[PDB]
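Reading the structure
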Amino acid sequence: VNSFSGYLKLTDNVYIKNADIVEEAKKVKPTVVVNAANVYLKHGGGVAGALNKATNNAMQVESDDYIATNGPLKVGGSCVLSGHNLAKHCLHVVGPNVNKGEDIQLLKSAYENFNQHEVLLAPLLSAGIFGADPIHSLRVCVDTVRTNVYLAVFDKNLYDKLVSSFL
Ligand SMILES: O=C(O)C[C@@H]1CN(c2ncnc3[nH]c4cc(F)ccc4c23)C[C@H](CO)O1
């Protein structure tokens, strides 16, 4: 039993809710919240900008030190950093950005990072400003992630479409 509430169950291990991931993280305090990161960990907008704003920019300060030490992430890659006031940990995962011409096949690699964590609160990777089709992202998620993932979908209209079209 865990503390996630109001989710629709899609599969054995994937759950979905119309929710603001920031508000969900603050209420749940999950062990892991996933950020929709870019390779530079520049958290300017979308999910990343919202999450970073909720940390009062502490996420960005920590991220800048990470990049100065380690250099950029790979598209499809990830790193574990602090969850600040939102979660114990933040798993920063880089899905391909269609608006930069990155290969959508890397979306599966991105979701594979979730399998290193038993339970996660996450957005749909490569959705929103990353330009991928969220219906496709959900399909890849269900077909790749084996651990327990709680998906927060900000847009109610999109949430209803994801549920109604789910095979
Ligand atoms: O679909 C859309 O219209 C945009 C969404 C945005 N993003 C989010 N996901 C879940 N929680 C979110 N809280 C936010 C607060 C913000 F200020 C900006 C974005 C989010 C956000 C990912 C999905 C992928 O499908 O796309």
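Judging from the entry metadata, X-ray crystallography is the method by which this structure was determined, and 1.0500 Å is the reported resolution.

A short note on the nonpolar core
Residues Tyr111, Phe114 and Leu151 are the most contacted members of the largest nonpolar core, which totals 26 residues. Mapped onto this core, the elements with two or more residues apiece are β2 (14-18), β3 (32-36), β5 (89-93), α4 (106-112), β6 (119-122), α5 (134-144), β7 (148-153) and α6 (156-164). By residue number, the principal contributor to this core is α5, which donates four residues. Apart from the residues within four sequence positions on either side, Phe114 is in contact with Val34, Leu91, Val93, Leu120, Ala122, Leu125, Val145, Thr147 and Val149. Residues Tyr7, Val22, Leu86 and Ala152 belong to the second largest nonpolar core, which totals 17 residues.

Digging into the pairing of β6
With four bridges connecting them, β6 and β7 associate as parallel partners. Opposite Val119, over in β7, you have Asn148 as the bridge partner. For the crossover from β6 across α5 to β7, the handedness is right-handed.

Calculation rules
Residues numbered from 1 in each chain as written, not as in the entry; some residues may be left out. Heavy atoms only, no water. Core = buried A, V, L, I, M, F, W, Y, C linked by side-chain atoms within 4.5 Å. Buried < 20%, exposed > 50% of the residue type's maximum accessible area, 1.4 Å probe, protein only. Helix = DSSP H or I, 4+ residues; strand = E, 2+ residues; numbered from the N terminus. Contact = heavy atoms within 4.5 Å. Pairing = 2+ DSSP bridges. Right-handed = clockwise from strand over helix to strand, strands pointing away.

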